[PDB]
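Given as structure tokens, the chain that follows is alone and in the form deposited in one PDB entry.
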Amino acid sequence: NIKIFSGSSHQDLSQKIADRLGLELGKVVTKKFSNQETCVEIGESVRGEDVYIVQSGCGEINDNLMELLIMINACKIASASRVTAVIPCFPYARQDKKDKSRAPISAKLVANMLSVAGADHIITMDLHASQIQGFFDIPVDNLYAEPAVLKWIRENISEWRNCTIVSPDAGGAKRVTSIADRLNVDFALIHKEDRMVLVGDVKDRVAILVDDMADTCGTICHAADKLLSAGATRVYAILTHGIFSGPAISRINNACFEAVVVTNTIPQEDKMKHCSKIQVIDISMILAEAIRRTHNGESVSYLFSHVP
């Protein structure tokens, strides 16, 4: 009685997941107006069924978020037994603190919206800040791409046993030290003051910039120069979420990266056509597995240190 639906026309990721579960994506009649006012219609009964809605990758974040909330609403009032929002890349995740300003904690607002819309459970990957799980009261499964990253590293970087994992900023210290300790290698950190300061040993070593996401890439691009100027043999950047908006693709093609690796939490096909340094790690099996485990009441923690 499992039912999986896709956000928009970006069946992409959602279709891979459905395939891995031996299912077809459920039918959804969609109509979009001038004003981008989204009207959705669930094309099949979900009464008494375990529903999973996978968010699109359309690019327009507000349209995608509303579409998601609207679909959650529709399934809930259509008597679904349970509705789970599968959100690979959590919207407004970066806006999770006030940081000495009269700003909104939009990530909390989003969590509240998902809650009132009718979400009973959230499945996501690499929340920008683990504390975001505390923005909900409903259970959240925060999947890590770490296992998949450690594996990609050991298989694609010959010098991995002597590389350095580097955080592009101060906040990612924990993330990198965790990966460095697992691989038993060094770590380093970059801190932007407009000037970057690097601490840690990278000389004559392969440097691997690791972060949860990359958007305009101004930061990772500048970190790469800094790393090379410090004596790094070559530089890689591995982000789980590849937003790559604005001049990102332009900055990547010009940067000194050996390669830029990201998962497919966000559609990457079009970006790859204009950027060859980009390589993608498919995380559909991890999302597919978490969904199947959630449905069967089986252990999902198994995926935090294991590549299905």
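One-based numbering along the sequence shown. Here the rigid core means the biggest group of C-alpha atoms that line up within 1.5 Å when the two forms are laid on top of each other.
Below: the form deposited in another entry, not depicted.
**Q** Align on the core first; then indicate which of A259, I70, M272, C58 has a CA shift of 2 angstroms or more between the shown form and the other one.
**A** One residue passes the 2 Å cut-off, namely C58.
**Q** Taking the rigid core as reference, does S250 move its C-alpha 2 Å or further between the shown form and the other one?
**A** No; that C-alpha moves by less than 2 Å between the shown form and the other one.
**Q** Classify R47 as shifted (yes) or not shifted (no) between the shown form and the other one, where shifted means its C-alpha moves by 2 Å or more with the rigid core superposed.
**A** No, because once the rigid core is superposed, the C-alpha of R47 moves less than 2 Å between the shown form and the other one.
**Q** Say whether the C-alpha atoms of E269 and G57 sit closer together or farther apart in the other entry than in the form shown here, given that their separation changes by 3 Å or more.
**A** Farther apart, by at least 3 Å.
**Q** Having a change of 3 Å or more in the C-alpha distance between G57 and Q15, I'd like to know whether it is closer or farther in the other entry than in the form here.
**A** Farther, not closer.
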